[PDB]
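Residue-level structure breakdown
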Amino acid sequence: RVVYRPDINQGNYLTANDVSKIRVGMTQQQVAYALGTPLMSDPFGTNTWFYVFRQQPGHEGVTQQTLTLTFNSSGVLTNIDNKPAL
Amino acid sequence: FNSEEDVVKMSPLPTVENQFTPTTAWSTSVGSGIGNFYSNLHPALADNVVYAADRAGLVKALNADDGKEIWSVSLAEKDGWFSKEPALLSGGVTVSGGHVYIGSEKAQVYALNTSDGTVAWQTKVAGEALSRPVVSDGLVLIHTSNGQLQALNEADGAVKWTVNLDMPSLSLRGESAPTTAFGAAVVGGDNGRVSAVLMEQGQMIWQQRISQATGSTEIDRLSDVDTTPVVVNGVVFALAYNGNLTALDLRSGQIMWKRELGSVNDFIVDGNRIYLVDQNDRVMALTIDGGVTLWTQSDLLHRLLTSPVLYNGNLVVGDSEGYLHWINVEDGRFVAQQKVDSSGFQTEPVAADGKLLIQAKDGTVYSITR
Amino acid sequence: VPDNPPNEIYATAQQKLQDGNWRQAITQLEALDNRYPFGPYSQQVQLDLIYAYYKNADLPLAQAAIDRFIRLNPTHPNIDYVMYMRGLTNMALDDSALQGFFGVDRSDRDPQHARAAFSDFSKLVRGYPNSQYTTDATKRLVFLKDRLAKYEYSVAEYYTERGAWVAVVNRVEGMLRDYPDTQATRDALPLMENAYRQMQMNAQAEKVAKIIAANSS
Amino acid sequence: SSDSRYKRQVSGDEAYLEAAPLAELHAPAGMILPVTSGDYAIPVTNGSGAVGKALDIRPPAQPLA
Amino acid sequence: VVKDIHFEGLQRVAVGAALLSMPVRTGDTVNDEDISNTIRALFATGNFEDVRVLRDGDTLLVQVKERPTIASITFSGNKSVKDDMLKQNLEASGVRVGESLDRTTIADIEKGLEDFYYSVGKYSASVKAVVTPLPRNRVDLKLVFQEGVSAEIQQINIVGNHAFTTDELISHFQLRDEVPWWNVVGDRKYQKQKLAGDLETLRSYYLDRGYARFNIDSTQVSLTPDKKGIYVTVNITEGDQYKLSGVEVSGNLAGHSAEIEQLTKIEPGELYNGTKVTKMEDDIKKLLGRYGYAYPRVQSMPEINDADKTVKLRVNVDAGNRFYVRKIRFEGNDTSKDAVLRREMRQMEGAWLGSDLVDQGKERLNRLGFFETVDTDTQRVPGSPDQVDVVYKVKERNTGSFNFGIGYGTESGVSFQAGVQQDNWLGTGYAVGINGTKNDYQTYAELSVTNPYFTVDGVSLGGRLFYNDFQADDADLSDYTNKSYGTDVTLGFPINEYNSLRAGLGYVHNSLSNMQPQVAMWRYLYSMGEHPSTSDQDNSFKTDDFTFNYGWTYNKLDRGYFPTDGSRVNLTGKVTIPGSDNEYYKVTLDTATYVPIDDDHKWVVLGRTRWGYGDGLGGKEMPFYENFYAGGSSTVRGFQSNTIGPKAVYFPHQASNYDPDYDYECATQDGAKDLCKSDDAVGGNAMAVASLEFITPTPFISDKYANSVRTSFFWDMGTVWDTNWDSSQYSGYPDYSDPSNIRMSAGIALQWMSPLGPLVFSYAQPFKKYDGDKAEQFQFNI
């Protein structure tokens, strides 16, 4: 047992407005201009972009909101799945 | 750590033969205080009165009668931003009538009138006045080392003729009191500009200069000098900041010709004979023939001060370590015999009315007479 | 520092080099370098000096001298040898220490020297595939890439230890993209498996599971 | 620098010839990954020369003039 | 048509190379224009020209003599600058030394050196060069240059102020107006950089006091170049005191305007303040940096409205983009698992950059030490508006104590003491210390292995072991036979982000045979109740200690081993749990607070103070083997090791199982047969040592190193006393129950920790008059 630990933050900071603004059909260049250059990409398979916002403080709970986007061969946002809070 | 200087040390004093034994060293003092601050203060002689000063804000009006003190004033205020406000007077001292103009590097020019009471009016000139203020038929000229040349009206102070000379990066301690001549004040500058101000609205009649000085072409660090052009008969001799002697033959306006012969500290001219000292610190004599030198001399190289003054065929030289090298019955005789101080000199000796006077770096005035 | 004739001084220098008095040898070679920067013997002495630096293990001096030589004369039959010792010198900076002589506890110190060595050896092999040093350079490169992969596996291990899951995924990304060849990468892929599973990226984790299962025998 | 040692050796250990052979990762159905994106790749068209510390690491000779 | 051309006396360039070099050659008709071409090609090169072109027929004799090659290596005349620095200011300038030296360049580089001396702040009037040619083509230059040293030759002046004294403004300057040396704080020497610093400082002073209209000031550095006249005159013009009234923010960011506004709220009637507005800027910068925008643009504009003296503060803040870090690269840690250097970072790759977080990282690396270099370069990747790569350049240098002891004994063989204290063990992050001493009759083994990391969080697992076969015997017995079996494991977790709390267990087994004659030991024996003899040494004492070992530590050092701006507190407390053959309660506390006086941190005041209070639990007294000592260490210089403190007095004994004759004086058979006042260090159960050091690289030591020598001048006061003491057993002897044994000692300590060998000079004069002391004026630690 340890009484207290660091607070860990892992990437893709978002806000409610940040996740809300985008919608299907917007090109990935504008998607990046809006959200930021995603740093967790799937390399093998479809041009999909994973958005992860992760934070673990001081032994309590978990904050995991993931916004998965799926661009295609030309690059067009479709099939958005947001899972907030684990 | 700051003192290991293998530089050339002072040459020793030559033989001590001399036809004239100094028969008087009348001395007076305040216990102040030039210190080693390089500045141009010196007593002025007006009607057998010796208006001396020194860098504390002390003005001791003395008279050549064995010299008791008169009119001893302390110029420093107690109000405002400090009590007694320790000032500086690296100032000119000059006299016209009973009007003693002193100018001080706290950006002040005090004028103390011993004429109808004490009219002590302070004009706040820009920069810090450093040259002996010059009286010119209703004007005092102040060549303040911000390159600025103020001109003030007597009895109230009134800024005008506000010329703006050119200053280099080192913006040197070049003092240059403009000599007045035929309504034109010839002022040296800090870069080489020998500007003539022919007062119309403060109109400088010059588009050219001495291209050599300290700051753009630095030389051997010995170009320390007190620069003052001298006008005779219609020719301006200029020895501006670094050594390049120039003749300026004014023919209804400024006309130039540089007969270079360098090494300048300060000089006196008598008709057709020139007596100056060098930055090399030797007393070169010149005849106006293009500048063919006479009197190459070497005995006194690198005496921290050496500044000349003449009276009665006997050239006086005030040097450091408190000596007075006397030149005389013109060469082949050069030797010297005098030692008045262990304090030393850094300031101009003044000869007037047949009386020679010398400030000292500590101890006010030491009149030395044949 | 004698003032012998060039032939005698060079001969003595060579003899001391075969003997193995490397410090003294460096001294007289440097003297022969100063006394003329000209002569075919001058070039031979520059090469001999780079050899002596490498052997005496004066590696910063060796790197500086070899870069100076490759700058000064960029076409020469021995440019192969020049590039080869620059690679070898970066290599020795990578592998020179007490634990690098113990043979234990290495492969994730600073890799910068290893990266520089790999770049240099790649330039060597690509420039001159028909040369004596080529196969040894190929061995250099395979070992060195394995070493880099171990370094990035070690960093990935530390982040998976601490919880920095996205750092884990990015680092193993770097390994897969830059070199999916060495043993370290095949060792690494379960790190993505666990990382995706921890961040609950289920389809992605199943995908990396498929790749690891297919690749392992 | 020597004690009657270190003529065909490098400072520290050597593992030149004990490296694990390169082995490209097999790709499942459609899961390709960029085999490279950088400088870390080796030409295979090469060999064979004097591998290991059995080559004239000393400065090679050339005529003097 | 010239056909045969021979060149001789080249010796630096081959004949063919020269032949191709000049634009003329064989096979072409050489006319007057071609002759002119050859001559002008000789002229225009700018490295060497020597034209002897004789063409009588078809033979072209071009004779050029080469001044090359020359190496100017002889700098004779340095007294304040180092020839390495001169060669730097030749080479890095772009005037590097590969020399041809045409005749002009002789005087040209003479002037260049004189110009360099003009730059450094002094004068040099004479530079004489002598040519030394050795006949191959080789020459060397003898530069004898004469110094005119002068660094601070000022008289500062400020003309125009009417609301501040000259002295007040001149005080804060980095230049000084010819003031004594005990005024110095750091470095003073006059440079154009110093002048610019002074001007900016003066401007800051006015802008802080509230004079907004002042940014206008001319500067004149007038010079009597008699090396002594440097008068700085900064003629300025003050405005008026200006009242701050309201701030407006032009904010371009995802929304924090509430926090920004509440940070920028100025109470009515305040005075404009330059440093206050700058700190407003920086606090907006950090209020963004925490949340990620680690490259915002913040411009603060003051709008001045006269006749009511109003200033309106208008700050426009625009933020960039949010989350950056892509890789955290350490480069330079050639001898240390980066897993160490990465466990340290509180900024974790794959997240949003926080400038304060990587500042925490850099400081934490420093507080571990083990290396010394500042860097947190955040260079951003090519090709993206995000993604910055956090790159540290550490510069490892090995901390490790390799303590060698050879001899020396005459009736005793050559001793072997090895003390190797390695922290952050260059293999790993571990710390192992071994004090293994076999001195011919003494077997003192100390092993200490500690993991600073044993989980991810930071818990530290540290075991210590001492096998102490301490005899210091004469033949085989009756000489204080002592055995110590010491094990202890300490699990210590950091929880207050700078505070470690340690809890450990410890077994200390103490075997005591053939007791020495000290009343202190028999007082302890009576305390335990084991009734002893008083004139016979046949005493045996087996005891085992199960000590709970709790510690606490606060560490905030802006450096590693040479702290500045730091304060570490170290509490260590042994409490023996019930269930042991012995009882005691000991508490130690160290405090090393370095506070810097200078801003440059080349002058520091060390204050280190340590208290120790040990007393046995109810019914017992604290066993003497843990009585504190002092002196002869980094505790109190000016004494032999472990000497300060109460002296134990001996009881008489004329038989101690054959009490050896002609040995062990002070109340034995051979010496005095009756009561003896005995002096020897036994240590007391209370300690207080407080020392202040002055850390000062003096101008007598060459500062090209700021990391390998620390020079201390120290005053230290140390006391050791018993608290369980009486006069019913010590009536005629001195009484040790009051803190009055203060040793005051002052000394110089030159501490040169180049990793492997220190010449740690500690010369201390101890002067506080007290009796029974044992002093020593030379300590060289290791």
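See the structure shown above.
The structure contained in this document is the topic of the report that follows. (Residues numbered from 1 in each chain as written, not as in the entry; some residues may be left out. Chains lettered and ligands numbered in written order. Heavy atoms only, no water.)

All names here are of chain E. Structurally, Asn482 is set in strand β19 (residues 481-494). The class for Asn482 is buried, based on a relative accessible area of 4%. Engagement of the side chain of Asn482 in a polar contact is seen with the side chain of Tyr480, the distance being 2.5 Å. Residues contacting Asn482, with those up to four places away along its chain left out, are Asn468, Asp469, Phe470, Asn510 and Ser511. (Helix = DSSP H or I, 4+ residues; strand = E, 2+ residues; numbered from the N terminus. Buried < 20%, exposed > 50% of the residue type's maximum accessible area, 1.4 Å probe, protein only. Polar contact = N/O pair within 3.5 Å; in protein donor to acceptor, adjacent residues only side chain to side chain. Contact = heavy atoms within 4.5 Å.)

It is worth spelling out the nonpolar core at this point. Counting residues in hydrophobic clusters, the biggest one holds 107 residues, and the most contacted among them are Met40(A), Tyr84(C), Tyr159(C), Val172(C) and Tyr196(C). In terms of residue count, helix α8 (residues 134-162) of chain C provides more of this core than any other element does, 13 residues in total. Not counting chain neighbours up to four residues away, the residues in contact with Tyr84(C) comprise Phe121(C), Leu124(C), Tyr133(C), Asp136(C), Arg140(C) and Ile57(D). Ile153(E), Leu169(E), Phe173(E) and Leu175(E) belong to the second largest nonpolar core, which has 38 residues in total. (Core = buried A, V, L, I, M, F, W, Y, C linked by side-chain atoms within 4.5 Å.)

Another aspect to go through is helix α10 (residues 355-368) of chain E. All names here are of chain E. For α10, spanning 14 residues, the distance from its first C-alpha to its last is 20 Å, which sits close to the expected 20 Å at 1.5 Å a residue. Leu357, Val358, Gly361, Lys362, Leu365, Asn366 and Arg367 are the residues of α10 that are buried. Residues of α10 that are buried make contact with α9 (338-344), β13 (388-392) and β21 (540-556). A positive phi of about 70 degrees marks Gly369, the residue just after α10. (Expected span 1.5 Å × (residues − 1).)

What follows is about the sheet that holds strand β4 (residues 78-83) of chain A. Residues and elements named next belong to chain A. As summarised here, the arrangement of the four strands in space is β1-β2-β3-β4, forming an open sheet in which the pairing is antiparallel. Unpaired on one side and paired on the other, β1 (7-10) and β4 mark the two borders of the sheet. Taken over all neighbouring pairs, the strand axes of this sheet differ in orientation by 5 degrees on average, direction set aside. One ladder, built from eight bridges, connects strand β2 (residues 48-57) with strand β3 (residues 63-70); its direction is antiparallel. When the sheet's bridge partners are listed, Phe53 is paired in β3 with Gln65. (Pairing = 2+ DSSP bridges. Axes fitted to C-alpha atoms, helices over the stretch in contact; angles between N-to-C directions.)

Let's shift gears to the interface of chain C and chain D. Contacts between the two partners involve 60 residues from chain C, matched on the other side by 51 residues from chain D. Applying the counting criterion to the chain C and chain D interface returns one salt bridge. A salt bridge links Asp39(D) to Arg126(C); its shortest N-O distance comes to 3.2 Å. Here chain C is connected to chain D by 14 residue pairs in polar contact. Top element by residues in the side of chain C that touches chain D is α8(C). It accounts for 12 residues. The class makeup of the residues in the side of chain C that touches chain D is 26 nonpolar, 17 polar and 17 charged. (Salt bridge = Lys/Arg side-chain N within 4 Å of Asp/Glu carboxyl O. Nonpolar A, V, L, I, M, F, W, Y, C, P; charged D, E, K, R; others polar.)

This part takes up the interface of chain C and chain E. Between chain C and chain E, the contact holds 26 residues from the first and 26 residues from the second. Both sides of the chain C and chain E interface together cover about 2,600 Å² of buried area, and 45% of this is carbon and sulfur. When residues of chain C are sorted by the area they lose upon contact with chain E, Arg109(C), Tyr158(C) and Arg162(C) head the list and together hold 23% of the total. On inspection of chain C and its partner chain E, the count reaches five salt bridges. Among the ionic pairs, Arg343(E) bridges to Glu161(C), the shortest N-O distance being 2.3 Å. The interface formed by chain C and chain E includes 11 residue pairs in polar contact. Contributing elements (two or more residues each) for the side of chain C that touches chain E: α7 (112-127), α8 and α9 (165-178) of chain C. The dominant element in the side of chain C that touches chain E, judged by the number of residues it contributes, is α8(C), at six residues. (Buried area = accessible area lost by both parts, 1.4 Å probe.)

These figures come from the coordinates and say nothing about function on their own.
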